[PDB]
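In: Would you be able to build a 3D model of this:
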Amino acid sequence: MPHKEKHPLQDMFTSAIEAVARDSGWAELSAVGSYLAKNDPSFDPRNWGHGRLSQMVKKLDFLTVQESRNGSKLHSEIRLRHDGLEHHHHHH
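Out: Residues are numbered from 1 along each chain as shown. And now the structure:
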């Protein structure tokens, strides 16, 4: 009886960001991990290493990554690109 789960990363991150987007437009990376942990217990951020979670989404082009200035610590943030998928380029 899994809740949400969503195999697609795009939809999975989109649902988590929109769920905590009430904080202030963007979403704190820490809030996303906790949200996915509760909403998706099968989510194990430990496997992706701690802190390295921000670098994990960085390898995803369809996701914009920015660091907000939260107090003396820098918090990572993610957003779902408004543009749809696009990689045809001149080649393909």
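In: residue nearest the centroid of the chain?
Out: For the chain, the residue nearest the mean C-alpha position is residue 13 (4.5 Å; C-alpha atoms, centre = their mean).
In: Next, the buried residues of the host helix or strand of that residue.
Out: Taking DSSP states H and E as the criterion, residue 13 maps to helix 9-20. For helix 9-20, the neighbour count (16 or more other C-beta atoms under 10 Å) marks 12, 13, 14, 15, 16, 17, 20 as buried. Every C-beta, even on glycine, is put in place using the N, C-alpha and C of the backbone.
In: again with stretch 63-70
Out: 63, 65.
In: Give me the distance between the residue nearest to residue 80 when sequence neighbours are not counted and residue 3.
Out: Counting by C-beta to C-beta, 6 or more residues apart in numbering, residue 80 lies nearest to residue 14, which is 4.7 Å off, once chain neighbours are set aside. Between residue 14 and residue 3 the computed distance is 16 Å (C-beta to C-beta, to the nearest Å).
In: ends of stretch 44-51, how far apart?
Out: Taking C-alpha to C-alpha, to the nearest Å, stretch 44-51 runs 13 Å from one end to the other.
In: now the helices: where do they sit in the protein?
Out: 9-20, 29-39, 52-58 (DSSP state H).
In: Tell me which of those helices sits nearest to residue 89.
Out: helix 9-20 (20.0 Å; C-beta to C-beta).
In: got the angle between the closest one and helix 29-39?
Out: 100 degrees (axes from the mean of the first three to the mean of the last three C-alpha atoms, to 10 degrees).
In: How far away from the center of its chain is helix 9-20?
Out: The chain centre lies 7 Å from the centre of helix 9-20; the measure is C-alpha atoms, centre = their mean, to the nearest Å.
In: who does that helix touch, helix- and strand-wise?
Out: Contact here means 3 or more C-beta pairs under 8 Å, 6 or more residues apart in numbering; DSSP states H and E; on that basis helix 9-20 packs against helix 29-39, strand 73-80.
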